[PDB]
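Structure record follows, encoded as structure tokens.
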Amino acid sequence: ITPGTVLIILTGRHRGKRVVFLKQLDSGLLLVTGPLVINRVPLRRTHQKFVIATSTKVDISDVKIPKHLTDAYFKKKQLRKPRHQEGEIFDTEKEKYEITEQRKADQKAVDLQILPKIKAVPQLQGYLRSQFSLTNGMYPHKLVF
Amino acid sequence: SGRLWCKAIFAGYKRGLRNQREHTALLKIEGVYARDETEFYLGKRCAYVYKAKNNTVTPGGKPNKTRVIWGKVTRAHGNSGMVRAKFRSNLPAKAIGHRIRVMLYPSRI
Amino acid sequence: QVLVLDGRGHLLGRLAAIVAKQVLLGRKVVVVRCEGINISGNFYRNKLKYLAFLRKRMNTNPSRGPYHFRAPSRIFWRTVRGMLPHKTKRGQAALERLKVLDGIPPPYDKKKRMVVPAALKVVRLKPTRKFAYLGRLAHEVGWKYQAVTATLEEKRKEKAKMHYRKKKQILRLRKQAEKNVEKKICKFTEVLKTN
Amino acid sequence: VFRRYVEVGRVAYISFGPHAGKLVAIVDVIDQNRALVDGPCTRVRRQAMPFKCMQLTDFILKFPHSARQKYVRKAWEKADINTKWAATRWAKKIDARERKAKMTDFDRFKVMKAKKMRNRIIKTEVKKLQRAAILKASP
RNA sequence: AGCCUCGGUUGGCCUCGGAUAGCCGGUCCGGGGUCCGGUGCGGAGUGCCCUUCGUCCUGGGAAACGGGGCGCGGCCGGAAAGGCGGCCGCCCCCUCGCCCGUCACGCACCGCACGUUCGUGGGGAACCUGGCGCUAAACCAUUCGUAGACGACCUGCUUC
RNA sequence: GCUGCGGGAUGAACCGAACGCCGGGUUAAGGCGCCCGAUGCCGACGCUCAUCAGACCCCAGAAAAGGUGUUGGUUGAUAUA
Ligand SMILES: [Mg+2]
Ligand SMILES: [Mg+2]
Ligand SMILES: [Mg+2]
Ligand SMILES: [Mg+2]
Ligand SMILES: [Mg+2]
Ligand SMILES: [Mg+2]
Ligand SMILES: [Mg+2]
Ligand SMILES: [Mg+2]
Ligand SMILES: [Mg+2]
Ligand SMILES: [Mg+2]
Ligand SMILES: [Mg+2]
Ligand SMILES: [Mg+2]
Ligand SMILES: [Mg+2]
């Protein structure tokens with residue numbers, strides 16, 4: 001797992017998507033991102049033991065990652081107005097989170113720099129667009145990732 | 001899309017000849033027929049998935065008739081690629097000859 | 001999800017052990033063309049063994065006793081049942097997964113047959129050793145359908161010959177087309193990664 | 001029938017064992033089950049290997065029986081086995097198997113994507129050749 | 001629409017035959033000769049469909065079969081336990097369904113499991129709707145005796 | 001007898017080993033074609049073909065004698081006169 005490596009998101013909600021790894025955070029989780037134009041996955045936190053690293057590499061040394069995003073930037077906050085039970089679902093999960101102008105700003109700042117490095121490879125934008133899967137003919141103990 | 005786990009068959013529990021040990025189960029994973037090939041699957045999680053008549057809650061989505069018993073691979077068994085496993089609860093005897101999907105959640109390589 | 005195992009050339013016990021071990025796992029096995037299963041030893045030796053087996057029978061009521069089968073498919077089925085734990089529910093449920101059949105019926109002539117090299121007579125027995133054919137051995141003891149079996153085998157072979165001729169013509173046309181379209185198809189990737 | 005023979009000066013390929021995948025030169029037969037092999041230029045020492053362990057090839061070299069290394073390596077270089085070994089359909093298949101085993105995920109994806117372009121044109125041309133043959137055999 | 005069951009997460013549509021021999025290709029007179037391949041590459045350590053998230057604009061290669069069928073006609077193609085597939089003529093239409101490149105979007109659920117599949121799965125009781133058709137047979141009672149311990153079994157009834 | 005447990009299919013005395021309830025590792029005796037866990041080792045050398053083969057202390061079967069059937073050994077005698 002080196003900066004610029006392709007990872008497979010097996011246990012996530014994406015169930016086997018190929019993403020690009022940027023850098024390691026301070027809490028021990030990997031901060032990856034797939035080009036939203038290629039695969040609809042934003043800047044996501046993943047676990048080290050929960051990903052498969054492919055031997056492919058991408059020149060990403062000039063990533064210029066911001067410093068404002070950290071482990072505290074990726075959190076799940078839940079709030080409710082009433083203490084007892086009611087008909088509405090806490091007034092929060094009914095209208096799911098749609099925070100913008102900050103989740104899209106950094107994303108548009110990073111993908112406009114990542115895409116010129118991915119589009120240089122002859123067949124990488126399709127490889128990342130595709131979804132990994134186990135067919136009947138191959139086994140992981142013999143497959144080379 | 002596509003399968004994200006390896007196929008394995010439940011042949012029986014760890015046993016001698018006149019006694020059984022239900023705490024440890026034996027798995028015959030497809031594609032592995034040698035001792036030097038099962039080192040990749042050591043520590044991988046395993047799931048025995050079946051269906052019942054009463055729908056139970058699922059982590060994602062509405063309740064479903066699906067019920068799963070979790071476990072993981074402990075060590076190797078013999079020279080023919082057979083492997084061992086230990087689940088949270090012992091496997092029912094009706095699962096002999098059925099499929100336990102070996103996930104790839106704990107990844108080392 | 002099925003294993004269509006050919007019968008000709010395989011040794012009786014050497015094949016039956018593999019089938020009995022593979023059925024207990026869950027794979028549905030269908031042994032086709034059981035009349036060609038070879039048996040090691042002299043033909044007269046195997047005949048004497050089968051006659052000694054026939055002699056064994058309950059004295060007070062033979063109908064309520066050992067049921068001796070005359071068809072080679074049923075012989076192979078009994079051989080596999082002797083290794084499967086048929087007195088338990090697991091063996092009883094596994095016994096339906098095995099489908100022993102004489103000849104190659106319509107449901108199985110179109111399916112490609114598998115060969116287990118661990119039971120082949122060529123690698124199991126020396127070229128100087130004597131062997132006996134299960135088809136002839138069964139026909140000599142109370143089997144009557146050897147003639148019709150051979151006739152239907154000849155028919156299906158004459159059909160498969162024409163099918164293979166058509167397949168070979170298709171393969172020749174495919175190779176000719178591959179040699180024809182040299183341009184517009186580089187596929188250096190196929191050669192660099194070796195198909 | 002029997003176009004290959006073991007003899008003094010037969011180069012063979014090791015199918016399995018500690019030196020699997022290398023060529024050796026049979027110096028002499030010992031006890032009709034194993035033979036002394038040299039393989040000077042293939043990076044293997046002189047030792048005894050079973051017949052069932054090795055696989056025979058087509059090339060033959062001129063050695064005296066029980067010859068020394070300085071006399072077998074000279075004849076090996078005179079026959080020039082190493083460079084001509086790559087120019088055969090057998091070492092090419094072996095290297096092809098090695099490459100298919102060394103395939104990575106990107107390589108498998110590229111092969112799968114190239115198959116779509118390669119096989120379809122072949123099929124559309126076979127569909128034309130078959131109809132051409134039918135029209136030829138029609139009268 | 002609801003209930004019971006338990007199992008699978010692409011399918012492989014096929015020559016015979018030997019193992020001191022055989023495969024492919026072929027001019028000639030089913031066999032013979034010659035030419036390639038032969039630790040099998042026209043190879044199941046195999047090959048095709050394939051690893052596809054979807055929508056839209058626009059360029060190169062390929063494509064004249066079009067591409068799916070609640071559609072029609074011709075053949076039953078194949079009986080050992082048969083029903084899917086091919087060809088030709090049209091039908092509502094179709095040249096971004098394939099490979100490479102290009103501007104812009106979508107449940108971006110905020111690290112997590114039982115996810116994706118042959119499911120228009122098998123079985124049983126009913127509900128509202130269209131088209132085409134059907135209007136019985138057993139057992140009991142009675143009789144007969146070619147049969148009967150009792151059952152069972154062999155037989156008759158028409159208003160000429 | 002006063003004694004369970006793992007192997008000998010079966011079992012009073014055999015071979016290991018002795019016993020509180022459990023989890024992990026290893027092993028004794030024994031075994032690894034399927035019943036039944038493990039040789040699915042690209043195991044080594046050699047013997048053996050039975051129309052009554054053979055397959056593990058107690059243990060569940062056999063002798064004197066014979067074979068120009070093969071496979072090794074010993075003592076010897078002849079043969080370019
Ligand atoms: Mg009779
Ligand atoms: Mg007493
Ligand atoms: Mg005492
Ligand atoms: Mg005692
Ligand atoms: Mg005991
Ligand atoms: Mg002692
Ligand atoms: Mg003792
Ligand atoms: Mg213990
Ligand atoms: Mg021991
Ligand atoms: Mg076993
Ligand atoms: Mg005797
Ligand atoms: Mg005994
Ligand atoms: Mg006794």
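Letters for chains follow the order of the structure tokens (A, B, ...), residue numbers begin at 1 for each chain, and ligand numbers begin at 1 in the order shown.
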Should the cut-off be 7 Å, what would the residue list for chain A against chain B look like, counting only C-alpha atoms, as a PyMOL selection string?
chain A and resi 10-11+49-52+133-135+139+141
Could you give me, as a PyMOL selection string, the residues within 12 Å of residue A:67, counting only C-alpha atoms (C1' of nucleotides) and dropping anything in the same chain fewer than 3 positions from it?
chain A and resi 23+25+64+70-73+106
At a cut-off of 7 Å, which residues of chain F touch chain C? Count only C-alpha atoms (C1' of nucleotides) and give the answer as a list in words.
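Using only C-alpha atoms (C1' of nucleotides), chain F residues at most 7 Å from chain C: residues 33, 34, 35 and 51 of chain F.
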Who sits within 10 Å of residue C:111, only C-alpha atoms (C1' of nucleotides), same chain under 3 positions skipped, as a PyMOL selection string
(chain C and resi 3-4+104+106-108+114) or (chain E and resi 12-14)
Ligand 1: which residues are within 10 Å, counting only C-alpha atoms (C1' of nucleotides) and all ligand atoms, as a PyMOL selection string?
chain C and resi 70+142-143
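Atom pair atom CA of residue A:74 / atom CA of residue A:128 has a distance of 23.8 Å (rounded to one decimal).
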Please tabulate, as a Markdown table, the residues of chain E that come within 7 Å of chain B, each with its closest pair of atoms and the distance in Å to one decimal, counting only C-alpha atoms (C1' of nucleotides) and ordering rows by chain, then residue number upward.
| residue | atom | partner | partner_atom | distance |
| --- | --- | --- | --- | --- |
| E:9 | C1' | B:3 | CA | 6.2 |
| E:113 | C1' | B:59 | CA | 6.2 |
| E:114 | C1' | B:66 | CA | 5.6 |
| E:116 | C1' | B:1 | CA | 4.7 |
Output C-alpha atoms (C1' of nucleotides) of each residue in that selection to a file, as a PDB file, in the first residue's frame.
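What follows is the written file selection_25.pdb:
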ATOM      1  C1'   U E   9     -24.233 -16.647  -6.780  1.00  0.00           C
ATOM      2  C1'   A E 113     -22.525  -8.136   8.010  1.00  0.00           C
ATOM      3  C1'   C E 114     -27.291 -11.535   5.702  1.00  0.00           C
ATOM      4  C1'   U E 116     -25.127  -8.982  -6.305  1.00  0.00           C
TER       5        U E 116
END
Can you pull out every residue with an atom within 12 Å of ligand 4? Use only C-alpha atoms (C1' of nucleotides) and all ligand atoms and format it as a VMD selection string.
chain F and resid 1 to 5 12 to 14 16 to 19
